[PDB]
Structure formats: C-alpha cells, structure tokens
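>
10 protein chains.
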Amino acid sequence: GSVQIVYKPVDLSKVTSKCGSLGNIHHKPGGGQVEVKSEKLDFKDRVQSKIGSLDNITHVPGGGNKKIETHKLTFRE
Amino acid sequence: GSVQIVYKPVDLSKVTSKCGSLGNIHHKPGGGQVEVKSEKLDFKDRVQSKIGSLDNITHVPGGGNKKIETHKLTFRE
Amino acid sequence: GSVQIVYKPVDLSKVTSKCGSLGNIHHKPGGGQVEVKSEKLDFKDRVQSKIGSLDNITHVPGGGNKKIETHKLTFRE
Amino acid sequence: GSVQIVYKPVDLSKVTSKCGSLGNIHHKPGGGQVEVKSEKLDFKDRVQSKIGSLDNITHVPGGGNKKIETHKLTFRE
Amino acid sequence: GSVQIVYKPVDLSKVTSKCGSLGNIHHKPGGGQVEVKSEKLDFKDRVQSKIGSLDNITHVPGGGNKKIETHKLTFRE
Amino acid sequence: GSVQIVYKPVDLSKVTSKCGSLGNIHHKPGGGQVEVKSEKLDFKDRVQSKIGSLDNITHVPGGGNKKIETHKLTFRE
Amino acid sequence: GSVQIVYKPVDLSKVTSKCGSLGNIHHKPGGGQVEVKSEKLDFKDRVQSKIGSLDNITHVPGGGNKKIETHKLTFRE
Amino acid sequence: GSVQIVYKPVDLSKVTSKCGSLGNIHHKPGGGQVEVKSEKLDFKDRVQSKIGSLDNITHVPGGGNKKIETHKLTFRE
Amino acid sequence: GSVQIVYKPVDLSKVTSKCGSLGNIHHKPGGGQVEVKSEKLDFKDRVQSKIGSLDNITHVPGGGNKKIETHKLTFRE
Amino acid sequence: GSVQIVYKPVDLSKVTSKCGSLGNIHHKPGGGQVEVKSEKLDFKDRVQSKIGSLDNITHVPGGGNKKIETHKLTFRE
C-alpha cells in the first residue's frame, strides 16, 4: 500500500500599497464615562474578559497591509 | 493500493492599492455614557466577554489591503 | 486500486484599487447613552458576548481591498 | 479500479476600482439611547450575543473591493 | 506499506508599502472616566481579565505591514 | 478682500499600447544627392529654416498614441 | 469682496491601442535630387521656412490615436 | 486682504507599452552625397538653420506613446 | 495682508515598457560623401546651425514612451 | 504682512523597462568621406554649429522611456 503525497503550493502573491500623502488626521472625541456595577466575578477555565474599558485609538499605518497564510497537512492511518 | 496525491496550487495573485492623497479625516464624536449593572458573573469553559466598553477608533491605513490564504490536506485511511 | 489526485489550481487574480484623492471625512456623531441592567450572567462552553458597548469607528483605508482564498483536499478510505 | 482526478481550475479574474475623487463625507447623527433590561442570562454551547450596542461607523475605503474564493475536493471510498 | 510525504511549499510573496508623507496626526480626546464596582473576584484556571482600563493609543507605523505564516505537518499511525 | 484659489485637478489617465509583433521593417532608399549653393542668406530675430533637405523617414511605432492636456487658471486684476 | 475659485477637473481618460501584428513595411524610394540656388533671402521676426524639400515619410503606427484637451479658467477684472 | 492659494494636483497617470517581439529591422540606404557651397550666411539673434541635409531615419519604438501635461496657475495683480 | 501659498502636487505616475525580444537590427548604409566649401559664415547672438549633414539613424527602443509634465504657480504683484 | 509658502510636492513616480532579450544588432556602414574646406568662419556670442557631419547612429535601448517633470513656484512683488 504505497502512499505518496507531494505538497508543493507555489506562492508569488503580492500585497502592495502606494500612498502619496497621508496627513491631517484629527481624533478629538468628547470625554466618555463608563460605570460598571457588579458584586461577584467567578471566572473559570478559559475566560477572556474585559470590564469597564474606554479606548481612544488612532491607528494610522503607512501601509497596514496584511497577508495571512496557513498550510496544514494531516495524515492518519 | 497505490495512492498518489499531488497538491501544487500556484498563486500569482495581487492585492494592490494606489492612493494619491489621503487626508483631512476628522473623528470628533460627542461624549458617550455606558452604564452596566449586574450582580453575578459566572463565566466558564471558553467565554470571550466584553462588558461596558466605549471605543473611539480612527483607523486610517495607507493601504489596509488583506490577503488571507488557507490550504488544508487531510488524509485518513 | 490505484488512486491519483492532482490538485493544481492556478490563480493569477488581481484585486486592485486606484484612488486619486480620499479626503474631507467628518465623523461627528452626537453623544450616545447605553444602559444595560441584568442580575445573573452564567455563560458556559463557547460564548462570545458583548454587553453595553458604544463604538465610534472611522475606518478610512487607502485601498481596503481583500482577497480570501481557501483550498481543502479531504481524503478518506 | 483506477481513479484519476485532475483538479486544475485556472483563475485570471480581476476585481478593480478606479475613483478619481472620494471626499466630503459627513457622518453626523444625533445622539441615540439604548436601554436593555433583563434578569437572567444563561448562554451555553456556541452563542454569539450582543446586547445593548450603539455603533457609529464611517467606513470609507479607497477601493473596498473583495474577492472570496473557495476550493474543496472531497474523496471518500 | 511505504509512505512518502514531500512537503515543499515555495513562498515568494511580498507585503509592501510606500508612503510619501505621513504627518499631521492629532490625537486629542477629552478626559474619560471609568468606575468599576465589585466585591469578590475569584478567577481560576486560565483567565485573562482586564478591569477598569482607559487607553489612549497613537499607533503610527511607517509601514505596519504584517505577514503571518503557519505550516503544520501532522502524522499519526 | 479675501481671495481663495483651490487648484487640485485629478488625473488618472492612461496612454497605453499593446503590440503582438513589430517586425520585418525594411528601409532601403536609393542614394540621394543634395547640392546647395547659398550666398547672402540674412536671417534675423526668431527664424527656423530648412534649405536643401532630403529626409527619408520610416516611423513605425507599436503605439504612437499621444495625449496633450493643458490646464490654465488665470487670475488677473 | 470675497472671491473663491475651485478648480478640480477629474480626468480618467484612456488613449489605447492594440495591434496583433505590425510587420512587412518596405520603404524603398528612388534617389531624390535637390538643388537649391538661394541668394538674398532676408527673413525677419518669427518665420518658419522650408525651401527645396523632398520628404519621403512612411508613418505606420499600430495606434496613432490622440487626445488634445484644453482647460482654461480666466478671471479678469 | 488675505490671499490663500492651494495647489495640489494629483497625477496617477501611466504611459505604458507592451510588445511581444521587436525584430528584423533593416536600414540599408544607398550612399548619399551632400555638397554645400555657402558664402556670406549672416545669421543673427535666435536662428535655427539646416542647410544641405540628407537624413535617413528609421524609428521603430515598441511603444512611442507620449503624454504632455501642462499646469499653470497665474495670480497677477 | 496675509498670503498663504500651499504647493503640494502628488505624482504617482509610471512610464513603463515591456518587450519580449528586441533583436535582429541591421544598420548597413552605403558610404556617404559630404563636401562643404564654407567661407564668410558670420553667425551672431543665439544660433543653432547644421551645414552639410548626412545622418543615418536607426532608433529602435523597446519602449520609447515619454511623459512631459510642467507645473507652474506664478504670484506676481 | 505675513507670507507663508509651503512647497512639498510628492513624487512616487517610476520609469521602468523590461526586456527579455536584446541581441543581434549589426552596425556595418560603408566608409564615409568628409572633406571640409572652411575659411573666415566668424562665429560670435552663443553659437552651436555642425559643419561637414556624417553620423551613423544605431540606438537600440531596451527601454528608452523618459519623464521630464518641471515644477516652478514664483513669488514676485
């Protein structure tokens, strides 16, 4: 029972940006208020929690390009 | 029982942007209010929670292009 | 029982943008209010929750182009 | 019982935009109010919940073009 | 039962940015307030918690490009 | 007496040629004979002059397209 | 006396040629003979002059298209 | 008397050629003979002059496209 | 009397050629003969002059495209 | 009398050539003969002169593209 698996994907991809000018961004929100009331917190196993947050994010990348690749080869018998 | 699997996808793709000018963005919201009341929190196993949030995000990438790729080869017997 | 599988998709695709000028975006909402009342939270197994949120997002990519690809080869016997 | 499967789709597709000018966007809503009352929350297994939200999104991509591709080859015996 | 697995994906990909000018970013939010009340915190197993946060982030990378790659070969018998 | 002049023309033009083959050009004129006997020519100021010309031109562009664009804003007083 | 002038023409034009083959051009004139006997020519100011010309032109563009665009804003007083 | 002049034209133009083959050009003129007997030529000021010319030009560009763009803002008083 | 002049043109232009092969050019003119007998030529000021020319030019660019752009802001008084 | 002049043009231009092969050029003219008998030539001021020229040029660029850009801000008084 000969089994041959040849896995050769070829990737010449290209994720490209060209920006001549990227300027004059103003991020001026008014002040916010967050009020969270609780009594008991009983987190267990795998919990990713986030309680009472106030984020002001100015994210200005020159490219900000992404390439996400994933190769899997699974072999049972 | 000879089994031959040849997996060779060829990818010459291209995700491209060209912006001459990217400017004059104003993000000026009024102030917000968030009020969350609770008593018990009993998270368990896999819980991704987010309680009482106030996000102001200015995301201005020059390209912001994405390419997401996924290859899987699964082989049982 | 010879089995031959040849998997060679060829991809010369192209996701492209050209913008001469991208400017003068104003994101000025009025202030919002969110009020969530509860008593018990009992999340379990896989729960992705989001309670009491107030998002102001200005997302201005120069391209913002996406390409999502997915290849699967499954082989049982 | 010889089985030959040749899977070679060829893709020269093209998702393209050209915008000369993309400007003068104003997103100025009035302030909103969200009030959610509950007592018990008992989420289990796979629940994607979202309670009490107020989103203001200004999404102005220069292209915003998408290409979604999906290849599957399934082989039982 | 001869088993041959040849895993040679070839990657000539390219995640590229070109920005002529990236300037004049102003991140001036109003002051925020966060108030979180609780009595008991009983975290266990794997809990990633974050309570009472106020983040002001100005993230201005010249490229900010990402490439995420993942190769897996799994072999049972 | 406020004066504002905004000058931002946008040009996404394209002057393009495609040729599959550009071959087999032969330029074999017979021998020319030019004899000029010029005396007392008295050119003055701005003068362009051709005297006794034998021009054998073979001009075979694969394209030869052209685009002349002229923009002019004039603010006198 | 406020004066505002906004000048933003947008041009997404395209001057394009396609040719499958551009071949087999032969330019074989017989021998020309030019004899000019010029005396006392007295050109002045702005003058363009051709005297005694024998022009054998073969002009075979695969395209030869053209586009002349003229824009003019004139604000006198 | 405030005067504001903003001059930001955007040019994403493209002058492009593609040729598959550009071959087999032969330029074999016969021998020319030029005899100029010039006396007392008296050129003055700005003069461009050609006397006794035998030009055998073979001009075979794979492209030959061109784009002349002229911008001019004039603010007199 | 405030005067503001902003001069920021953006140029993302591209003058490109592609050729697959550029071969087999032959430039074999016959022998030319130039005899100039010039006396008393009296050129003055700005003069460009060609007397007794036998030019055998073979000009075969794989491209030959060109782009002339002229920008001019003039603020007199 | 405040005067502000901002001069920041952005140039992301590209003058590019690609050739697959550039071969087999032969430049075999016959022997030329130039005989110039010049007396009393009296050039003055700014003069460019060619007398008795036999130019055999073979010009085969794989590209040959060009881009002339001129910017000029002039603030007189």
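One line per chain: the protein sequences are B, A, F, H, D, G, J, I, C and E, in this order.
So for the first sequence, the entry's author numbering puts the first residue at 304; every next one is plus one.
So for the second sequence, the entry's author numbering puts the first residue at 304; every next one is plus one.
So for the third sequence, the entry's author numbering puts the first residue at 304; every next one is plus one.
So for the fourth sequence, the entry's author numbering puts the first residue at 304; every next one is plus one.
So for the fifth sequence, the entry's author numbering puts the first residue at 304; every next one is plus one.
So for the sixth sequence, the entry's author numbering puts the first residue at 304; every next one is plus one.
So for the seventh sequence, the entry's author numbering puts the first residue at 304; every next one is plus one.
So for the eighth sequence, the entry's author numbering puts the first residue at 304; every next one is plus one.
So for the ninth sequence, the entry's author numbering puts the first residue at 304; every next one is plus one.
So for the tenth sequence, the entry's author numbering puts the first residue at 304; every next one is plus one.
We put the CB at the ideal spot given by N, CA and C, even for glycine.
1) Just reading off the beta strand (DSSP E) that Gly323(F) is part of, what are its end residues?
2) Along the chain, where does the beta strand (DSSP E) containing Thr373(J) start, and where does it finish?
3) Is it buried or exposed for residue 382(E), if we count other Cβ within 10 angstroms and need 16 for buried?
4) Which of helix, strand or coil does DSSP assign to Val363(D)?
5) Go through the stretch 322 to 356 of chain A residue by residue and report every complete run of the alpha helix (DSSP H) that reaches 4 residues or more, in order.
6) Are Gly366(G) and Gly304(I) close, meaning C-beta to C-beta below 8 Å?
7) Compute the Euclidean distance between the alpha carbons of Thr373(G) and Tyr310(J), then round it to the nearest angstrom.
8) Expressed to the nearest angstrom, what Euclidean distance is found between the alpha-carbon atoms of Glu342(I) and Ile371(C)?
9) Is it buried or exposed, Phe378(I), if we count other Cβ atoms within 10 angstroms and call 16 or more buried?
10) Kindly confirm or deny that the stretch 312 to 329 of chain D and the stretch 310 to 326 of chain H touch, where touching means at least three C-beta pairs closer than 8 Å.
11) Closest by CA to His362(G), which one among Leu325(G), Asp345(G) and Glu338(G)?
12) Should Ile360(E) be labelled buried (16 or more other beta-carbon atoms within 10 Å of its own) or exposed?
13) Out of curiosity, what's the CA-to-CA distance linking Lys340(F) and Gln351(D)?
14) Using the DSSP secondary-structure output, state which residues sit across from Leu315(I) in a beta bridge.
15) What does the alpha-carbon distance come out to for the pair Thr319(J) and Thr319(E)?
16) Leaving aside the five residues before and after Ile354(F) along the sequence, list all residues of the same chain whose C-beta is less than 6 Å from its C-beta, in chain order.
17) Around the C-beta of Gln336(D), are 16 or more other C-beta atoms found within 10 angstroms, so that it is buried, or is it exposed?
18) Among residues of its own chain, excluding the 5 on either side of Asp358(J), which ones have a beta-carbon nearer than 8 Å to its beta-carbon?
19) For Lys375(J) and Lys369(I), what's the separation of their Cα atoms in angstroms?
20) How should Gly333(J) be labelled, buried or exposed, when 16 other C-beta atoms within 10 angstroms of its C-beta is the threshold for buried?
21) When we look at the beta-carbon of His329(J) and count the other beta-carbons within 10 Å, is it buried (16 or more) or exposed?
22) Report the rounded CA-to-CA distance for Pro364(J) versus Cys322(J), giving the unit in angstroms.
Judging by the given coordinates:
1) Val318 to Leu325
2) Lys369 to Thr373
3) Residue 382(E) cannot be examined here, being either before or after the span of chain E that is shown, 304 to 380.
4) coil
5) none
6) no
7) 13 Å
8) 40 Å
9) buried
10) no
11) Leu325(G)
12) exposed
13) 24 Å
14) According to DSSP, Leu315(I) bridges with nothing at all.
15) 19 Å
16) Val339
17) exposed
18) none
19) 22 Å
20) exposed
21) exposed
22) 9 Å
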